[PDB]
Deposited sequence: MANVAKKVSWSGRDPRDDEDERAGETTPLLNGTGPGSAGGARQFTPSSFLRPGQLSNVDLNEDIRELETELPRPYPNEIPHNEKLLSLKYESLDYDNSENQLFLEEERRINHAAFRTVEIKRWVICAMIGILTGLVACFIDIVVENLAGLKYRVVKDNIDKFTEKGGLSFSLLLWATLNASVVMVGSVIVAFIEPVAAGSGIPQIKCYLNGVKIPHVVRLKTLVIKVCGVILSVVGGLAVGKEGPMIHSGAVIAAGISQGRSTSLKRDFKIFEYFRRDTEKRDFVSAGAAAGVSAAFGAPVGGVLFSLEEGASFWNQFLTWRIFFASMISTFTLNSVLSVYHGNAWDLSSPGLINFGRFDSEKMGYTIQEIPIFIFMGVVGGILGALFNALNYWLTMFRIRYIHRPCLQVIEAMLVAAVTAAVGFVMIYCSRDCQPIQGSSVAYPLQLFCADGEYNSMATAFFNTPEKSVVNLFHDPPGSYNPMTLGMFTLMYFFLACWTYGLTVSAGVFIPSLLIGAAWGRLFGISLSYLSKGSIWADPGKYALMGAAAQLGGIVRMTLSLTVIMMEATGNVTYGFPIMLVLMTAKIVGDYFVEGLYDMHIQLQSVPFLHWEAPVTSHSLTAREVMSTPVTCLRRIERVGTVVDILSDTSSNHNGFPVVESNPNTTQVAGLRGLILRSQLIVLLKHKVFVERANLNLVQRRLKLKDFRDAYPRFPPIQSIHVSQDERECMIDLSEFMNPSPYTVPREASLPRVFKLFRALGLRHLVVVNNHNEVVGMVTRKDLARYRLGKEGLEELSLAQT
């Protein structure tokens, strides 16, 4: 959709240098590479769990400090100023914390804004958003989520965990820090995009597991996002990482909050225990659940749609960082004022959202007055909608669950009245169902969310109902608007590939999808020609088919290989011309950041030399016939994580190039 975004080189080039390295590795007499992958996955899990522990502990302590300071100060300030004076003071306190958070996000690292989940979804899809995996981004994300939660915004701390795990996985796998310019001479074999994308999948799964105490759910989330060929080894490693993440979080928290290692804190949010007779559903109740799904599908849409409009306003008028900070402060102040009006009219805004969700799930039937619960539902709905897109590190999972739990507990109260206090009409069960439905409507997650809800709930039997609502919420929701993360991905104009091609696509063939004419390089090519092709500012192609150079062959453009701009740049830098032989490490040294063609200097004498690309080109590029259905091209492209696909004639002559933007256009 936009050229700002490049793509990962997931499909490794099995060139001659790579095969030489593999021969030496096999001769090594021991395959330590897999053991190193395992050690890296363990470290990823441990570090993600420790990040979750840090956030939880710091948030708890700072929230306690805010509560203590205001509890001490209210007497003094209300004695003379009055209630309104204390209202203003507390609102300014919240605004100040949110101000620091929004400053660090807008003025230092705007990528840190939000949960990070859309960015990680794009990364696992195969698109590289500029600063998603950086040390600065992780630091800003963690600090900002702490400051946002302490600042009393309608936000949650679960979402940033996925992004933090992804960044940790990308970082520690390399063995070196580009930001700190420190190289630890380890894990050099894993300085390639394939291994990095595997480790990031592990890290995202670990983040989900630490967030919700849902290991299998995290594994399934990573599998969904990747949408690749099945690798038993990688899935098992991801499972290992997720398990260690949840284990580390639980153990450390148990040692902290309690004085024993007994495991009672699987995740950052813990729903509770639902193993009771009152929380048992009958077949007669299955239709009822489905209906709530419809509701969650509609309300969710109304959420997303509203945000869309809000987002546009922010793109039009709140583009500036200073205005962004001011808007975040204003939202925080209005949230505080709504809370005060709430609290003084009633006789949860001060309390954590997770505790409110738990109480809604498990409190006895007569706990809540319907009127106040509905007021909270409406106000929190509109506040969460007005908070998602702010330049603050925050998530939307817990807010969505809270909204759903509230209106589900209202539905349960109404059912209990209508059914004369029946055991089957228990408000907490319907609160859980409503939480699932609202989260599904706002975010269209199906398998991973079902498994996550089952694990957090702790019951496997509740999965079948949770499934049916999550189904319906999607089916109804997709009727009106697209999902939140998708919506923001479209707005950012990222080239995003969906699970499958548009249904009416068997009509289309690669001939329509492919791009022509194609810029190709002869196997033995003049240095000047390569320099001119790469130096062109009209286009910034990063993959070039390598065609026959000998005059003997009949083929006009017979496909011999595919080479990349990065490899050509390395070769030109090292002046590897036919007129010290490179090793696969020499290419890995440039990684991740490759010098621009402008940097390389090629003298007119050197411009007349030649480059032989046979030793460095990918000898075997993936190829499709020109008369091939679009679904097949899409399936092959997505499954293998290809960056370039070559469309050829019957005679194996290059006729076109299919890339990510070629397949993303149709929708």
- Message: Need the unmodelled segments of the deposited chain, numbered from 1, in order.
- Response: 1-85, 433-460, 693-700, 789-802
